[PDB]
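K.L.:
here's a sequence, model it:
(10 chains, ligands or ions: 161)
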Amino acid sequence: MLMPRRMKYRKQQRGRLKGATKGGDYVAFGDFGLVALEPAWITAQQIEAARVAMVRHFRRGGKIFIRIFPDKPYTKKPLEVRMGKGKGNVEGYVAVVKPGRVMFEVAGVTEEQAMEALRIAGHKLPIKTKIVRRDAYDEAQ
Amino acid sequence: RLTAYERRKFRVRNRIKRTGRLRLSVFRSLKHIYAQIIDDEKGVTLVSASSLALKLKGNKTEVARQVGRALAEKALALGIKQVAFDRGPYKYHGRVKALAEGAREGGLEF
Amino acid sequence: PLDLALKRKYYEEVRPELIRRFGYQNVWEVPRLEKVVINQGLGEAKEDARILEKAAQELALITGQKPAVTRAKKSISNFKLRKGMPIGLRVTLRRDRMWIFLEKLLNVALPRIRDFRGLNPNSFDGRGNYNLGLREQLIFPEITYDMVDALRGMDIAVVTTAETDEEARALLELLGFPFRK
Amino acid sequence: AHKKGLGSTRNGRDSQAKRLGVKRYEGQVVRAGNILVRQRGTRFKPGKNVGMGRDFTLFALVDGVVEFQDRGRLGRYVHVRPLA
Amino acid sequence: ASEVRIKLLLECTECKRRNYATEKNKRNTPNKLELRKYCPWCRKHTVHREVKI
RNA sequence: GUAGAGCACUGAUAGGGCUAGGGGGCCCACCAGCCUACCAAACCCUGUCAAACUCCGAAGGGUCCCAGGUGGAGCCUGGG
RNA sequence: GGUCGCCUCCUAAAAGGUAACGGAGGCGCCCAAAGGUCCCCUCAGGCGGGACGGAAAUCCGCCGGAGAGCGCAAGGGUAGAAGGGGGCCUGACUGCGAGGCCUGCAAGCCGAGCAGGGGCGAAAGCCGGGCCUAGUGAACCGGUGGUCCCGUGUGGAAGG
RNA sequence: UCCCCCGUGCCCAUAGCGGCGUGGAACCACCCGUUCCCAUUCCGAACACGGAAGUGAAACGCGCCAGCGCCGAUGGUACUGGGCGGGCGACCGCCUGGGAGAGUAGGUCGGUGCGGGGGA
RNA sequence: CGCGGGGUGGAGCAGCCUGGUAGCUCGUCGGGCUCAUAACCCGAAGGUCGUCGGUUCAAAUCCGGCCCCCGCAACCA
RNA sequence: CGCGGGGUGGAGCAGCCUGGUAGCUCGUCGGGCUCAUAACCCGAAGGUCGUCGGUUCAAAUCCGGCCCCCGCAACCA
Ligand SMILES: [Mg+2]
Ligand SMILES: [Mg+2]
Ligand SMILES: [Mg+2]
Ligand SMILES: [Mg+2]
Ligand SMILES: [Mg+2]
Ligand SMILES: [Mg+2]
Ligand SMILES: [Mg+2]
Ligand SMILES: [Mg+2]
Ligand SMILES: [Mg+2]
Ligand SMILES: [Mg+2]
Ligand SMILES: [Mg+2]
Ligand SMILES: [Mg+2]
Ligand SMILES: [Mg+2]
Ligand SMILES: [Mg+2]
Ligand SMILES: [Mg+2]
Ligand SMILES: [Mg+2]
Ligand SMILES: [Mg+2]
Ligand SMILES: [Mg+2]
Ligand SMILES: [Mg+2]
Ligand SMILES: [Mg+2]
Ligand SMILES: [Mg+2]
Ligand SMILES: [Mg+2]
Ligand SMILES: [Mg+2]
Ligand SMILES: [Mg+2]
Ligand SMILES: [Mg+2]
Ligand SMILES: [Mg+2]
Ligand SMILES: [Mg+2]
Ligand SMILES: [Mg+2]
Ligand SMILES: [Mg+2]
Ligand SMILES: [Mg+2]
Ligand SMILES: [Mg+2]
Ligand SMILES: [Mg+2]
Ligand SMILES: [Mg+2]
Ligand SMILES: [Mg+2]
Ligand SMILES: [Mg+2]
Ligand SMILES: [Mg+2]
Ligand SMILES: [Mg+2]
Ligand SMILES: [Mg+2]
Ligand SMILES: [Mg+2]
Ligand SMILES: [Mg+2]
Ligand SMILES: [Mg+2]
Ligand SMILES: [Mg+2]
Ligand SMILES: [Mg+2]
Ligand SMILES: [Mg+2]
Ligand SMILES: [Mg+2]
Ligand SMILES: [Mg+2]
Ligand SMILES: [Mg+2]
Ligand SMILES: [Mg+2]
Ligand SMILES: [Mg+2]
Ligand SMILES: [Mg+2]
Ligand SMILES: [Mg+2]
Ligand SMILES: [Mg+2]
Ligand SMILES: [Mg+2]
Ligand SMILES: [Mg+2]
Ligand SMILES: [Mg+2]
Ligand SMILES: [Mg+2]
Ligand SMILES: [Mg+2]
Ligand SMILES: [Mg+2]
Ligand SMILES: [Mg+2]
Ligand SMILES: [Mg+2]
Ligand SMILES: [Mg+2]
Ligand SMILES: [Mg+2]
Ligand SMILES: [Mg+2]
Ligand SMILES: [Mg+2]
Ligand SMILES: [Mg+2]
Ligand SMILES: [Mg+2]
Ligand SMILES: [Mg+2]
Ligand SMILES: [Mg+2]
Ligand SMILES: [Mg+2]
Ligand SMILES: [Mg+2]
Ligand SMILES: [Mg+2]
Ligand SMILES: [Mg+2]
Ligand SMILES: [Mg+2]
Ligand SMILES: [Mg+2]
Ligand SMILES: [Mg+2]
Ligand SMILES: [Mg+2]
Ligand SMILES: [Mg+2]
Ligand SMILES: [Mg+2]
Ligand SMILES: [Mg+2]
Ligand SMILES: [Mg+2]
Ligand SMILES: [Mg+2]
Ligand SMILES: [Mg+2]
Ligand SMILES: [Mg+2]
Ligand SMILES: [Mg+2]
Ligand SMILES: [Mg+2]
Ligand SMILES: [Mg+2]
Ligand SMILES: [Mg+2]
Ligand SMILES: [Mg+2]
Ligand SMILES: [Mg+2]
Ligand SMILES: [Mg+2]
Ligand SMILES: [Mg+2]
Ligand SMILES: [Mg+2]
Ligand SMILES: [Mg+2]
Ligand SMILES: [Mg+2]
Ligand SMILES: [Mg+2]
Ligand SMILES: [Mg+2]
Ligand SMILES: [Mg+2]
Ligand SMILES: [Mg+2]
Ligand SMILES: [Mg+2]
Ligand SMILES: [Mg+2]
Ligand SMILES: [Mg+2]
Ligand SMILES: [Mg+2]
Ligand SMILES: [Mg+2]
Ligand SMILES: [Mg+2]
Ligand SMILES: [Mg+2]
Ligand SMILES: [Mg+2]
Ligand SMILES: [Mg+2]
Ligand SMILES: [Mg+2]
Ligand SMILES: [Mg+2]
Ligand SMILES: [Mg+2]
Ligand SMILES: [Mg+2]
Ligand SMILES: [Mg+2]
Ligand SMILES: [Mg+2]
Ligand SMILES: [Mg+2]
Ligand SMILES: [Mg+2]
Ligand SMILES: [Mg+2]
Ligand SMILES: [Mg+2]
Ligand SMILES: [Mg+2]
Ligand SMILES: [Mg+2]
Ligand SMILES: [Mg+2]
Ligand SMILES: [Mg+2]
Ligand SMILES: [Mg+2]
Ligand SMILES: [Mg+2]
Ligand SMILES: [Mg+2]
Ligand SMILES: [Mg+2]
Ligand SMILES: [Mg+2]
Ligand SMILES: [Mg+2]
Ligand SMILES: [Mg+2]
Ligand SMILES: [Mg+2]
Ligand SMILES: [Mg+2]
Ligand SMILES: [Mg+2]
Ligand SMILES: [Mg+2]
Ligand SMILES: [Mg+2]
Ligand SMILES: [Mg+2]
Ligand SMILES: [Mg+2]
Ligand SMILES: [Mg+2]
Ligand SMILES: [Mg+2]
Ligand SMILES: [Mg+2]
Ligand SMILES: [Mg+2]
Ligand SMILES: [Mg+2]
Ligand SMILES: [Mg+2]
Ligand SMILES: [Mg+2]
Ligand SMILES: [Mg+2]
Ligand SMILES: [Mg+2]
Ligand SMILES: [Mg+2]
Ligand SMILES: [Mg+2]
Ligand SMILES: [Mg+2]
Ligand SMILES: [Mg+2]
Ligand SMILES: [Mg+2]
Ligand SMILES: [Mg+2]
Ligand SMILES: [Mg+2]
Ligand SMILES: [Mg+2]
Ligand SMILES: [Mg+2]
Ligand SMILES: [Mg+2]
Ligand SMILES: [Mg+2]
Ligand SMILES: [Mg+2]
Ligand SMILES: [Mg+2]
Ligand SMILES: [Mg+2]
Ligand SMILES: [Mg+2]
Ligand SMILES: [Mg+2]
Ligand SMILES: [Zn+2]
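P.N.:
Numbers count the residues shown, from 1 in each chain, chains lettered A, B, ... in the order given. Ligands and ions are numbered 1, 2, ... in the order given. See below for the structure:
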């Protein structure tokens, strides 16, 4: 379960999700990666869920990289209560992802192995995804 | 990084520069003493007197008094009378003082 | 300015040895003592008696200079220490008054101490200076036993122009600084 | 029916707006006394013919024209060139 | 102010007028306040002293 | 001083390196040699995040001067 | 239930201004030195060395632009001082106030300069409290000290 | 009117840190001395005064080198004033004008004003 | 703002009217008695009598000011 | 969900207001009395103050969040 160790501020405004990803758009560690096609707040539950799925898939072996981190506090007012009287409470953390952002990477596992594992992972994520291979373009970046 | 030397310099010089008067600056080497008068608006020395240039000698303080007096002569001639005294990094005392005291009775208004 | 013993040994014996040992070109390159600072880090007189002046009269006695106070920079609770409390003495010996203290130290003080077996070699600054600690202070000759209330140490620091410990090691060893190892 | 155990708000205040900023610009004609800059600290420094008040307010000392200057590390200055 | 930081007048000793009003800490500086101050009445300066507000 | 962007500040941050200390075993302890597919401050490299972070920073916006602009423009006083 | 005035920051969309029972914090004091001035000084922190002495007391060395300090919350400012020490002092003035900031009013804010009589400084100069922005309360009614202006036929007195 | 030095401004790191070298005729500095003026919460360190035996070791001036720091295009892109279009919708896209930040190439061991002293 | 009366040893305290004694109880210390406990009994340490100035041979005792705690009554635009 | 109170040696309670200093009764452990147990007498140990942060030279004590316990509230339809 990801979440900041410490926090300058406890509640955080929502914001929009303009544009493509700010950066973190090229593979930087492994051979294959999962890329976001549409933007979302990726929950800490989902990150972890994908993580476990890959781990489980190639039981003992390879290394998983995680290029996204939930630092945004997600708020929710209680059930059946009305508007006003303060902001809701923190109820979890999300990571803001945008198209182009590589979210996971794997390495040291066979090509076929990587493909299935990253594929299953995407199924856990609330967005459309694509797998990619490390390119001359990536190493150039 | 800064020596207390430099800090004093800025500190006393800036204060005087704000009053907008002409500036009587002073250098006090181990062997000589020099005194020039500056228009900081234009950035220009109007008149200057010194020990080296005076080809002067005979005990530092008594010498210093004269270069002041001599400074007033060339100053008053040009029209300068109103002036402010840049005492530099040096305590107003002894040699610097004597330069002021001379330049005073020499005719300078300060 | 004043003819004294140790200054003669430096200028007539220590100097040349140093030159032939490191081959100094220019004269001022030759390492020399700059100053000696004594510091009784008391604070035993913190809230306590202003009878640090007893340690101060004892101090001025040894050095021939009046000692200055040092007071608390920051307050520390664990030490029962209020920012501004008088907690030490410091006196800076330069020129001839330095030379006299060092002469009586190398000759009379340092031997008269309990089980002297040499100064610590490793205690060099790293950039040419040297530091040591005394615990007695009757060890200085001009302090008879009757003048003392309780014991009191002090922090001696000796400062040289030496670029490094080697040069510093030599300047001190040659003056009469006995080293342990 | 509806209005259940809601809550409260431990904060929810602010101070009055203080209308700070530059009040006369480069090239603007000004009377002696005119306020040139309202500020906190010397975000600007007083220059030629410009004085500074106890709360760092910059005002003109002469009738003239306002002029700005960035002297890099020495800060920024507001001047007033007098007019002939 | 407070019970301890109190208000007070400065009275001219020459002609007994109170020409200034200020404050003080009673605990810190418990003595009456002595101060030279301009007197508009006497038109010179004067030692003024504290006087109960 | 925003959008964007950035990590120089205040914090956050994944991996690796390096490395105080902390933990497990060894020597067995008195002090020291510990070696460590563990925990980890500072620091370095890769890679990022922030309304109350900014080494940076547009487009725009504001005001001033000059020029065009004669409009159910504009400005001053007063009645509704 | 919470809140009600004032201050700081964000929200606030790069002038000003801007709402919500939006997100965070403060104030209702304080200082005769924590004020004026003249003169001098420069931090925090790191590493090394040093009796008692430690993570941290005081001393030495080298590094260091400001990450310290500036009574207090935060911001801005700031060592070319607003910070640290000292000397002398009371401008924490009186009578005014060109000109502006702000602004519905009423308030609030900055202010050169003139006269009086002073302070510190050789001098230029600075000084009408405090680095700045909170530390507050209209009018009515009454108290106290002045002044000697009105005071019911006149002089006092009551009262203004 | 070219060169060196001294005082002093302006531009505010392309000027800085660090390294190596050079300079004492002159200037300047360390230097010599504590009688006098002045001074140290202790110390002639600093400030100050009277000097000129020594030295350019330090400091400073002038060079040289690109490890650091600093500066940094063009090209392209983000974003955007204005004008539009596609999609149920999430969001995308077009014209027109403006246009970063990062990074790449690359630059840098300062440049200049006024006076003073000394040179060829 | 105006009145009234206190401060006396570690706690409470009459001494103050009527100027010659810092006294009482409780508290702590030592000793006696005690199944012990208390109570009883002998001794003992412990104070500028709030301050400062003043009348007096001398005053906690009497005056002036001042500090402080309690108390009395009234006012609060 | 709201408002008020509380968590401190094994048990039960003080100390927080006003920052510096940890108390009481019980229990416990060691030694007495007694043939022995208790009652009784002497002497001792025992907490790092719910948990995270923050203020401060310094925090049981002041400030924010969270956890557990306790009391009150939860109405008009
Ligand atoms: Mg973590
Ligand atoms: Mg969106
Ligand atoms: Mg984008
Ligand atoms: Mg976009
Ligand atoms: Mg796009
Ligand atoms: Mg991104
Ligand atoms: Mg495999
Ligand atoms: Mg999916
Ligand atoms: Mg590919
Ligand atoms: Mg490929
Ligand atoms: Mg690469
Ligand atoms: Mg620097
Ligand atoms: Mg200085
Ligand atoms: Mg200074
Ligand atoms: Mg110029
Ligand atoms: Mg002559
Ligand atoms: Mg004469
Ligand atoms: Mg004249
Ligand atoms: Mg001598
Ligand atoms: Mg010799
Ligand atoms: Mg001590
Ligand atoms: Mg309903
Ligand atoms: Mg409720
Ligand atoms: Mg609550
Ligand atoms: Mg505000
Ligand atoms: Mg307003
Ligand atoms: Mg507002
Ligand atoms: Mg001013
Ligand atoms: Mg202002
Ligand atoms: Mg301009
Ligand atoms: Mg400039
Ligand atoms: Mg600067
Ligand atoms: Mg500046
Ligand atoms: Mg500045
Ligand atoms: Mg008189
Ligand atoms: Mg009083
Ligand atoms: Mg008088
Ligand atoms: Mg900016
Ligand atoms: Mg801003
Ligand atoms: Mg920065
Ligand atoms: Mg910041
Ligand atoms: Mg930080
Ligand atoms: Mg960090
Ligand atoms: Mg890491
Ligand atoms: Mg690591
Ligand atoms: Mg270990
Ligand atoms: Mg073991
Ligand atoms: Mg052991
Ligand atoms: Mg053993
Ligand atoms: Mg061991
Ligand atoms: Mg042991
Ligand atoms: Mg043992
Ligand atoms: Mg090993
Ligand atoms: Mg913002
Ligand atoms: Mg922002
Ligand atoms: Mg730029
Ligand atoms: Mg830049
Ligand atoms: Mg800019
Ligand atoms: Mg631009
Ligand atoms: Mg623009
Ligand atoms: Mg026109
Ligand atoms: Mg209510
Ligand atoms: Mg705006
Ligand atoms: Mg005070
Ligand atoms: Mg001084
Ligand atoms: Mg000083
Ligand atoms: Mg230090
Ligand atoms: Mg150390
Ligand atoms: Mg130490
Ligand atoms: Mg000890
Ligand atoms: Mg020190
Ligand atoms: Mg910082
Ligand atoms: Mg500090
Ligand atoms: Mg600063
Ligand atoms: Mg700061
Ligand atoms: Mg600066
Ligand atoms: Mg100062
Ligand atoms: Mg200081
Ligand atoms: Mg200081
Ligand atoms: Mg000070
Ligand atoms: Mg002081
Ligand atoms: Mg002073
Ligand atoms: Mg004086
Ligand atoms: Mg006043
Ligand atoms: Mg007019
Ligand atoms: Mg007029
Ligand atoms: Mg108005
Ligand atoms: Mg106000
Ligand atoms: Mg005057
Ligand atoms: Mg002076
Ligand atoms: Mg005078
Ligand atoms: Mg003032
Ligand atoms: Mg203040
Ligand atoms: Mg204030
Ligand atoms: Mg109010
Ligand atoms: Mg009414
Ligand atoms: Mg009245
Ligand atoms: Mg009235
Ligand atoms: Mg009358
Ligand atoms: Mg009448
Ligand atoms: Mg009548
Ligand atoms: Mg009458
Ligand atoms: Mg009247
Ligand atoms: Mg030429
Ligand atoms: Mg030049
Ligand atoms: Mg230029
Ligand atoms: Mg620079
Ligand atoms: Mg180098
Ligand atoms: Mg080199
Ligand atoms: Mg070489
Ligand atoms: Mg070379
Ligand atoms: Mg060579
Ligand atoms: Mg020569
Ligand atoms: Mg002589
Ligand atoms: Mg003498
Ligand atoms: Mg004398
Ligand atoms: Mg003097
Ligand atoms: Mg003297
Ligand atoms: Mg002292
Ligand atoms: Mg003294
Ligand atoms: Mg050099
Ligand atoms: Mg090189
Ligand atoms: Mg380079
Ligand atoms: Mg720059
Ligand atoms: Mg471009
Ligand atoms: Mg283009
Ligand atoms: Mg566009
Ligand atoms: Mg557009
Ligand atoms: Mg559209
Ligand atoms: Mg449509
Ligand atoms: Mg589309
Ligand atoms: Mg189109
Ligand atoms: Mg079109
Ligand atoms: Mg274009
Ligand atoms: Mg375009
Ligand atoms: Mg080059
Ligand atoms: Mg360079
Ligand atoms: Mg260079
Ligand atoms: Mg060149
Ligand atoms: Mg030119
Ligand atoms: Mg009673
Ligand atoms: Mg209650
Ligand atoms: Mg309550
Ligand atoms: Mg209660
Ligand atoms: Mg509660
Ligand atoms: Mg609680
Ligand atoms: Mg408790
Ligand atoms: Mg309990
Ligand atoms: Mg109870
Ligand atoms: Mg509590
Ligand atoms: Mg309480
Ligand atoms: Mg037992
Ligand atoms: Mg029994
Ligand atoms: Mg703490
Ligand atoms: Mg405690
Ligand atoms: Mg705590
Ligand atoms: Mg607690
Ligand atoms: Mg708590
Ligand atoms: Mg009902
Ligand atoms: Mg009904
Ligand atoms: Zn008067």
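
K.L.:
residues contacting residue 19?
P.N.:
All of this is about chain A. By Cβ atoms under 8 Å, 6 or more residues apart in numbering or on different chains, the contact set of residue A:19 is residue A:98. For the C-beta atoms, the positions are set from N, CA and C on the backbone; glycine is no exception.

K.L.:
meant chain E actually
P.N.:
Going by Cβ under 8 Å, 6+ apart, residue E:19 touches E:10-12, E:37-41, E:48.

K.L.:
at 7 Å what do you get?
P.N.:
E:10, E:12, E:37, E:39-40, E:48 (Cβ atoms under 7 Å, 6 or more residues apart in numbering or on different chains).

K.L.:
could you look up the SS state of it?
P.N.:
When classified by DSSP: H, G, I helix; E, B strand; the rest coil, residue E:19 comes out as strand.

K.L.:
for residue 17, which non-adjacent residue is closest in space?
P.N.:
In the absence of a named chain, chain A is used. Of all residues not flanking residue A:17 in the chain, residue A:39 sits nearest, at 4.4 Å (Cβ to Cβ, 6 or more residues apart in numbering or on different chains).

K.L.:
should've been chain E
P.N.:
Nearest one to residue E:17, counting by Cβ to Cβ, 6+ apart, is residue E:41 at 5.2 Å.

K.L.:
adjacent strands (with direction) for the helix or strand hosting residue A:131?
P.N.:
Element membership of residue A:131, judged by DSSP states H and E, is strand A:129-133. Here strand A:129-133 has these sheet partners by DSSP bridges: strand A:32-36 (antiparallel).

K.L.:
which SSE is immediately downstream of the strand it pairs with?
P.N.:
Strand A:32-36 is succeeded, C-terminally, by strand A:40-43 (DSSP H and E).

K.L.:
near ligand 6 at all, that next one?
P.N.:
No - Strand A:40-43 is not in contact with ligand 6 by Cβ under 5 Å from the ion; minimum separation 12.1 Å.

K.L.:
for the next helix or strand along the chain from that strand, give me every contacting residue.
P.N.:
Toward the C-terminus, strand A:40-43 is succeeded by helix A:44-57 as the next helix or strand (DSSP H and E). Under the criterion Cβ under 7 Å, 6+ apart, residues A:1-3, A:64, A:66, A:68, A:70, A:92-95, A:104, A:106, A:116-118, A:120-121, A:124-126 lie in contact with helix A:44-57.

K.L.:
repeat that for stretch D:46-59.
P.N.:
D:33-42, D:44, D:60-62, D:64, D:69, D:77-82.

K.L.:
returning to what we had before: quick one, phi psi at the residue nearest to residue A:17?
P.N.:
phi -80, psi 160 (degrees, to the nearest 10).

K.L.:
okay, now it: neighbour count?
P.N.:
By other Cβ atoms under 10 Å in any protein chain shown, 19 other residues sit near residue A:39.

K.L.:
can you check residue B:80 too?
P.N.:
Residues near residue B:80, counting by other Cβ under 10 Å, number 20.

K.L.:
ditto for residue E:46
P.N.:
21.

K.L.:
wait, the residue nearest to residue E:17 sits on residue E:18?
P.N.:
No - the criterion here is Cβ atoms under 7 Å, and residue E:41 misses it with residue E:18 at 10.5 Å.

K.L.:
which SSE is whatever residue of chain E ends up closest to chain D in?
P.N.:
Relative to chain D, the nearest point of chain E is residue E:22 (19.1 Å; Cβ to the nearest Cβ). Using DSSP H and E, residue E:22 sits within strand E:18-25.

K.L.:
how about chain A: which residue is closest to ligand 9?
P.N.:
residue A:133 (3.5 Å; Cβ to the ion).

K.L.:
next, the closest residue in space to residue A:63 that isn't next to it in sequence: phi, psi?
P.N.:
Of all residues not flanking residue A:63 in the chain, residue A:107 sits nearest, at 5.3 Å (Cβ to Cβ, 6+ apart). The phi/psi pair for residue A:107 (degrees, to the nearest 10) reads phi -160, psi 160.

K.L.:
strands of chain A, start to end?
P.N.:
Taking DSSP state E, the strands of chain A run over residues A:32-36, A:40-43, A:63-66, A:72-76, A:89-97, A:102-107, A:129-133.
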